[PDB]
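> Residue numbers (UniProt numbering), protein chains in the order written: chain B, 5 to 295, 305 to 562; chain H, 2 to 412; chain U, 4 to 140.
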Amino acid sequence: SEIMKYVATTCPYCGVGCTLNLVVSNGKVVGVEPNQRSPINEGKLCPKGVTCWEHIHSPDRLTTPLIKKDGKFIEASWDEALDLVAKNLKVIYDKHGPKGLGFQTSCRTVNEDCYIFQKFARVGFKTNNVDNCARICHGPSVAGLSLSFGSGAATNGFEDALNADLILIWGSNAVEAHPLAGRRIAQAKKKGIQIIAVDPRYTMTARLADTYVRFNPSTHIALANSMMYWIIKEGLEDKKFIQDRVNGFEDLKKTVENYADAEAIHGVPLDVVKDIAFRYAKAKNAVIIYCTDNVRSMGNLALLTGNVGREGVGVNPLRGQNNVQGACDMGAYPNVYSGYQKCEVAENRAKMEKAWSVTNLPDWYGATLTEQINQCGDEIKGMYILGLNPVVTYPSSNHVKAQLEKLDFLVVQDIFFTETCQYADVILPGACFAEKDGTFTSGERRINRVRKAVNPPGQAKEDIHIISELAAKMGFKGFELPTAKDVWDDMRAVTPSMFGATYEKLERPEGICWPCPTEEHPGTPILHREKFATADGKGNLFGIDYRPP
Amino acid sequence: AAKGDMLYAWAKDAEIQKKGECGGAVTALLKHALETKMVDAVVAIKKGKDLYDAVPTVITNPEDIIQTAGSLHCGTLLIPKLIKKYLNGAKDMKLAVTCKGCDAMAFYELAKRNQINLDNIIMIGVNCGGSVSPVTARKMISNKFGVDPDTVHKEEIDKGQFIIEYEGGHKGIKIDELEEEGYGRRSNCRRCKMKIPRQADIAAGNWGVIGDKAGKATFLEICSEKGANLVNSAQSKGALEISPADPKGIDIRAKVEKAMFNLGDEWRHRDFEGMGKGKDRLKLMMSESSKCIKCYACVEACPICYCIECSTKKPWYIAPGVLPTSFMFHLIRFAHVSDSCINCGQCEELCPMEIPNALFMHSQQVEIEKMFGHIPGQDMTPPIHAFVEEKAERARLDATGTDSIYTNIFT
Amino acid sequence: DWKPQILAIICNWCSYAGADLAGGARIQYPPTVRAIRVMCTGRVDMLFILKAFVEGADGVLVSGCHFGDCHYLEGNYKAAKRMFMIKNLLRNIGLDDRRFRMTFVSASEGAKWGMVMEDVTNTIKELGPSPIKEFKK
Ligand SMILES: Cc1cc2nc3c(=O)[nH]c(=O)nc-3n(C[C@H](O)[C@H](O)[C@H](O)COP(=O)(O)OP(=O)(O)OC[C@H]3O[C@@H](n4cnc5c(N)ncnc54)[C@H](O)[C@@H]3O)c2cc1C
Ligand code: SF4
Ligand code: SF4
Ligand code: SF4
Ligand code: SF4
Ligand code: SF4
Ligand code: FES
C-alpha cells in the first residue's frame, strides 16, 4: 500500500499543541518525525512527543465490546452491547428523571467527541450532570481568571512573550511540563529579556531566570499582596489603565495595606520583594506565566500594572492536558453550553432549544466530578465515563471503588483495559489520537487539526460514531453527523464565537485562536484587545486576604 | 555520458520541463529510472502544503514524480537517516534518491558505518547554496520584505539574494544583509562548503548555464559510471535532451563555487571566534548545555549516531532521573561524532532548548580535520578510530618531537 | 585546602610493572596520583577520560608501553590516537589540555615512572583547580 507516509497531527500529551508527523507504513504507525512547518514548535518536540507513537499498536488495546455476564467479561457484538446500554439508560431515565444519570469525559479527547458527548447528555434526557478532568486536575483557575477578566483563558499566546521585557515565571515548572512553552523562556533569555522566577523550589525553569526567589509554599496570596502594596505605595500603578478599564481599586487598597512586612508568612526579605515589585511595575511590557485566590491575585497584579491588552504582555496560565481548553470550550461543564454560553440565561437556553430542536433544557447547575462520585448511590445511578480512570486518578481510591460498586450500570469507553473497567457493565472500545480525525485546542486558545493515520485496531470505533449509534438506538434526533466536519459545523452553528473556524481555515498550519466570530476574521491571538468581557466591559480586581492553613 | 562530462540537460516532456526549477532533468531522470525499472522506488521531496512545507515521499507510481518537480528552499530535512529507519536501509530494494550536499555526505557516513547499501541507492545530487527554516522564512517575508507570506508563489536564493514572487511582482534582498539582520540561511548552511556534490552519481544545478538556456537547462556533471549509465539510458530512450556544456559556463561555475567556499570560510571564522576561547568557551558550552531536557532529538537525528542504545542512556554515565543533566551528555557526543560531523544542522534545529549543537560540533570537527586530515562524507574512508595505522601513529609521535603526548602538538 | 586530584590509568604489562619496580627500588615521589590498572591502554575508552574530567580530575594521566612493545601487538597505537583526539577536544571545550598527558613507560623504567609522577604533580599544581567544579554549581 503505502511506504513511509507522513501524516501531520497534534501531540496529545499537553496543552502546547505541538505538531508532528506520524510515519505510516502498511497501515502501521512506525515512528514520529519533525514537522518544521509548524509555528507552535518549529519541528521540535519533547520526549513525550518524540515517543508518542509507541502506545498506538500495543496488543493490550481494546478490540471489541465486553459485557460483564455474571463475572469475567465476555466478548460482545456492537449491536448487542449498544442495545444493552440503550435499554439500561432508558430504564434509569424513566425511573429517576435527569438527576439519576451522570456523564464525564476526559480532556484527552477531541473537540468533536466532547461536543457530541455533551449534546448527547443534554438533547436526550435533559441533564447538566456533564463534567471532565479539569476539576480534579490542578487548576480551577479558570473560574478565578474569569472573575478577574471575563474569559478564563490565557490572554496572550506563547510566541508573544518574546516581546516583553520582564517575563515573570511564577510557581511554574514550565520546562518539566510544557517544555516547548519553556522554549520561549530560553529564546527570551538568549534575546536578553529580564526573567524573574518565583517558584518555591529551584527548578530547571528557575535556572533560566536572572532572579530566583524562594518563598514558603502556600503563600502566593501573601507574596503578591506585598508586591502590590509596594507598587501602590510608590505609585507605579497605571493611572489611565486603572481609571479607564479596571474597577475595585479601593477594595484592593484596603486589602493589601496590611502586607508591608510579610516576611513572617513568605520567606522573602523586604529587599527582594521591593526588587521584584519595582522591576515588574517599571517594566513597560511584562508577562506573567502561572502554573482560585491564587489566579485572581495574578489578575490583580496585571490589572494593577496595566499589563493586559497588548502585544508582549498578559497572563498565561498553563493548562497541562492536551484538550482541557477544548473540552471546556465545547461545553463539557455543568453550567456552560458551548463557547462559555451560560445555561443560567434563558436567552441562549432558548437558542439551544431552537437550534437543537429540543425543549425544556434543564438550566440547573449540574454536578461536578466529585459531586457525582460522592452522590454516586444516593441519587445518581448509571454513569457513562468517556475516557476516565477514576479509581487511579481520584484521591481515596478505595472510596472511589466503594462508590462505583454502589452504582447501577456503569458504562466505560476506553482504548485500554484500565482498573476502572472491572467495575463497568459494558465496555465500548475506542480509538486513540492516531485513529480519530478531530481537533485539539491548545492552552493558547489555538485550534489544531488531528489527522487520521491508521484504522482502529479491530472492531473498535471512534466516539462520534459510538455516540451517534447509541443515540440512533435510543431514538434521538440530531445525531446524524457522520464526520468530525459535520460535528464541527453543528457546533459552529450553535456557538457565536468559533463561527469562523471552518476546517478549510484549520487546514492552515497556523490553526485558529478561539474568539473567531466571522469567516473572514483571522482570529484573536491576544484577548481583551481594548475592552474586557465582564458586565461593564471592565476588569474587576479583588482584595484577597491570606488564609493560613 | 562518461564519468566527468559536463552537460546541459532538459526534459523532453514540456510539462516536466515547465515544473522543473531549471530544465526538469532531475525529474526526467527519476521518472525514467522508475519506469524502466532500474529502481523500485524514488525518495524525493514534494510540497505537502504551501511551498514552505517540504515532505519526503517514497514514490512507486511513475505518475507521481511530476508532483516532486521543483526545488523547495525551505526543505531543511535530511533524507538518508529516514531510509535506514523506515526503508530497512535499502538492503533489499533499489532506490533513486535526490539529495543535497549534506544528504550525500550523510549517505556516505551511514554507508561507512554499514547502515545503508550504496550499491542499491542511486544519488542524484543537486547543488545547494543554502536552505532556510520555513518559519524563519515566514518571519523574513512578513517583516523585511513587507509581504503577507501566504501571497508568495515561488521563492529562491539566486545570485546571493532572496527573490520572492508574489501577486504584484517580485522582490529581492541580499542574503548577506538578511544574515546580518538575523535571518537568512541556516547557520550551518552559512558555514557549509559542500556546494557541488561530486561524491554523488550526478550533480545538477543552475550554475554555469548561460545564454539562450539560462532558465530552461540543468547543468549536469556526471560523477560516476552508474550516473553515466542512467544518463545514457535516459537520453537514448528519449526522456532527456543532452548538449555539451559551454566552456564559459564551466569557468563561471568554478568561480561561483570558489566564491561560495570563501564565504563559507568567513562564516566559519566569525562563528568559531564568536564562541570564545579558554575558560569563557567552557562557560559558554556548560551554561548552554545545562538547558538540555534529554529529548534525544539530536541523537535520533544525527546521521553519525547509529547505536542501538546511546551511551548517554547508560546509568553509569548519566544518572537516569537527574534532569539538570551533566556535561557528560554532550561530552559523549563530542567524543563520538566530532571526528566525522557533516554539519547538517539537524541537531541544532531540532533542539527544543535552542542549544547550538551544530556550532559546537562543527567547531570541533574542523580542526579534528586539520589534525588527522579526514574529510567526512566524501568516500568510503573508514573513521579515524575504526582504522588506526602503525606508521601513522609513529609519525604523529615523532612529529611532536617528544617522548610522550603532552605538548608541541598545537600552534 | 586544595590538593590536586590526579588519576592515572596504567597498563598491566609495562606501566604497572614500572611503578612496581620503582616501589621495589624505593624511589620516592609525592602521593598525589592514584591508578586504575587496565590490561592494555587500548582498553582506555575516551569516555573514561571525559568522565574523570567531568567528575573533577584536576589531571588525568594514561601510561602505557612504548610503541612496538605492547603486550597485545598494537593496542597502544589505538590509545595514542584516542588521546591525541582527547587533547583536541579538551582544547576546544576550553579546558586546559595540559591537564592530560600520555606517557610511555617500559617495565624497567622505575626511575622514569618516578620522574613522570613528579612532573605530573608539578604541572597540575601550577595549573590549579579545575574549572568544572565551579562551573557546575
Ligand atoms: C534548498 C535548495 C537550495 C539550492 N540552492 C541552489 C543554489 O544555490 N544553486 C544552484 O545552482 N542550485 C541550487 N539548488 C538546486 C537547483 O534547484 C537545481 O538547479 C535544480 O535541482 C535542477 O533540477 P531540475 O530543475 O532539473 O529538476 P527539478 O524538477 O527541479 O528537480 C528538483 C528535485 O529536487 C528535489 N528537492 C526539492 N527540494 C528538495 C530539498 N529541500 N531537499 C532535497 N531534494 C529536494 C525535488 O524533489 C526534485 O526531485 C538548490 C536546491 C535546493 C533544494
Ligand atoms: S511540549 Fe507538550 S505538546 Fe509538545 S511534544 Fe511535548 S508533551 Fe507534546
Ligand atoms: S548544509 Fe550545505 S548542502 Fe546542506 S542544505 Fe545547507 S548549504 Fe546546502
Ligand atoms: S536535542 Fe537539545 S534538548 Fe534534546 S537531548 Fe539534544 S541537546 Fe538536549
Ligand atoms: S552532530 Fe549535528 S551537525 Fe554534526 S552531523 Fe550530527 S546532526 Fe549533523
Ligand atoms: S552519541 Fe555515541 S553512543 Fe550515542 S548514538 Fe551517537 S555514536 Fe552511538
Ligand atoms: S600492554 Fe601496555 S600499552 Fe598495551
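Backbone N, C-alpha and C define an ideal beta-carbon position, used for all residues, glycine too.
Label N409 (chain H) either buried or exposed according to how many other C-beta atoms from any shown protein chain fall within 10 Å of its C-beta, with 16 as the threshold for buried.
The residue is exposed, with fewer than 16 neighbouring Cβ atoms inside 10 Å.
> For a quick check, are the C-beta atoms of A201 (chain H) and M124 (chain H) less than 8 Å apart?
Cβ atoms of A201 (chain H) and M124 (chain H): closer than 8 Å.
> Hey, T318 (chain B) and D255 (chain B) are a contact pair by Cβ (cut 8 Å); roughly how many whole angstroms apart?
About 17 Å separates the two Cβ atoms, so there is no contact after all.
> Out of B:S29, B:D476, B:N220 and B:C341, state which residue places its alpha-carbon closest to the alpha-carbon of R458 (chain B).
That would be B:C341, whose Cα lies nearest to the Cα of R458 (chain B).
> Can you give me the C-alpha to C-alpha distance between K367 (chain B) and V507 (chain B), rounded to a whole angstrom?
Those two C-alpha atoms are separated by around 10 Å.
> I'd like to check one pair, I122 (chain H) with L96 (chain H): are the Cβ atoms closer than 8 Å?
Yes, the pair counts as a contact, with Cβ atoms nearer than the cut-off.
> For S481 (chain B), name the three-state secondary structure that DSSP assigns.
Residue state, collapsed to three classes: helix.
> Taking the continuous alpha helix (DSSP H) assigned at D272 (chain H), which residues delimit it?
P248 to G275 is the span of the alpha helix (DSSP H), which, as asked, contains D272 (chain H).
> With distances taken from CA atoms, which of H:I319, H:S290 and H:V153 is nearest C348 (chain H)?
Closest option to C348 (chain H), Cα to Cα, is H:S290.
> Residues of chain H with CB under 9 Å from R104 (chain U), in chain order?
Result: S405, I406, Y407 and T408.
> If distances are taken between C-alpha atoms only, which option among B:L170, B:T372, B:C389 and B:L374 comes closest to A380 (chain B)?
For the residues B:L170, B:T372, B:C389 and B:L374, the minimum Cα distance to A380 (chain B) belongs to B:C389.
> For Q379 (chain H), which of H:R199, H:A91, H:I67 and H:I243 has the nearest alpha-carbon?
Of H:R199, H:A91, H:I67 and H:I243, the residue nearest in Cα terms is H:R199.
> So what does DSSP say about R334 (chain H), is it helix, strand or coil?
Residue state, collapsed to three classes: helix.
> Are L494 (chain B) and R139 (chain B) closer than 8 Å when you measure CB to CB?
No, these two residues do not count as a Cβ contact at 8 Å.
> Starting from the beta carbon of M118 (chain U), find every residue of chain H whose beta carbon is closer than 9 Å, and list them in chain order.
Near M118 (chain U) there are no residues of chain H at all, since even the closest Cβ is about 11 Å away, more than 9 Å.
> Closer than 7 Å, Cβ to any Cβ of chain B: which residues of the segment 141-168 of chain H, in chain order?
The residues in question: there are none.
> How do the segment 70-83 of chain H and the segment 131-144 of chain H stand: do at least 3 beta-carbon pairs fall below 8 Å, yes or no?
Segments in contact, yes.
> With a threshold of 8 Å between beta-carbons, can residue 3 (chain B) be considered close to chain H, or not?
Residue 3 (chain B) lies beyond the stretch modelled for chain B, which goes from 5 to 562, so this question has no answer here.
> Tell me whether the segment 391-406 of chain B and the segment 416-427 of chain B touch, counting them as touching only if at least three CB pairs, one residue from each stretch, are closer than 8 Å.
A contact exists between the segment 391-406 of chain B and the segment 416-427 of chain B.
> Identify the continuous alpha helix (DSSP H) that holds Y516 (chain B) and give its terminal residues.
Looking at the DSSP string, the run of the alpha helix (DSSP H) that includes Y516 (chain B) is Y516 to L519.
> Would you identify the three-state DSSP class for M124 (chain H), choosing helix, strand or coil?
In this structure, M124 (chain H) counts as strand in the three-state DSSP scheme.
> Buried or exposed: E350 (chain H), going by 16 or more other Cβ atoms within 10 Å of its Cβ?
Label assigned to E350 (chain H): buried.
> Run through chain U and tell me which residues come within less than 7 Å of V389 (chain H), C-beta to C-beta.
Residues of chain U passing the Cβ test: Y80, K81 and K84.
> Going by DSSP in three states, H270 (chain B) sits in which element: helix, strand or coil?
It is coil, neither helix nor strand.
> Could you tell me which whole alpha helix (DSSP H) segments of length 4 or greater appear in the UniProt domain "4Fe-4S Mo/W bis-MGD-type" (8-64) of chain B?
Complete alpha helix (DSSP H) runs here, min 4: 51-54.
> Helix, strand or coil for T403 (chain H)? Go by DSSP, reduced to three states.
In the structure shown, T403 (chain H) sits in coil (DSSP, three-state: anything other than H, G, I, E or B).
> Do you know offhand how far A190 (chain B)'s Cα is from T313 (chain H)'s?
If I take the Cα positions, the gap works out to 23 Å.
> Out of H:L119, H:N344 and H:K371, which has the shortest C-alpha to C-alpha gap to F411 (chain H)?
Ranking the options by Cα distance to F411 (chain H), first place goes to H:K371.
> Go to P330 (chain B), then tell me how far its beta strand (DSSP E) extends in each direction, as first and last residue.
Element bounds for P330 (chain B): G327 to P330.
> When the Cα atoms are used, what is the spatial distance from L554 (chain B) to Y346 (chain B)?
Their backbone Cα atoms lie some 25 Å apart in a straight line.
> Under 8 Å between C-beta atoms, does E22 (chain H) make it to chain U?
Answer no: the Cβ-Cβ gap between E22 (chain H) and chain U never drops below 8 Å.
> Quick check: is the beta carbon of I369 (chain H) nearer than 8 Å to any beta carbon in chain U?
Yes, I369 (chain H) lies at the interface with chain U (some Cβ there is under 8 Å from its Cβ).
> Please name the residue in B:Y10, B:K486 and B:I479 whose C-alpha comes closest to that of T68 (chain B).
The shortest C-alpha separation from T68 (chain B) is found at B:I479.
> Threshold first: 3 residues or longer. Then list the beta strand (DSSP E) segments lying entirely within the segment 71-123 of chain H, N to C.
Runs found: 96-100.
> Using a Cβ-Cβ cut-off of 8 Å, state whether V179 (chain B) counts as contacting chain H.
Judged by the 8 Å Cβ criterion, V179 (chain B) is in contact with chain H.
> Excluding the five sequence neighbours on either side, which residues of its own chain have a C-beta within less than 7 Å of the C-beta of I197 (chain B), listed in chain order?
Correct list, in chain order: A168, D169 and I171.
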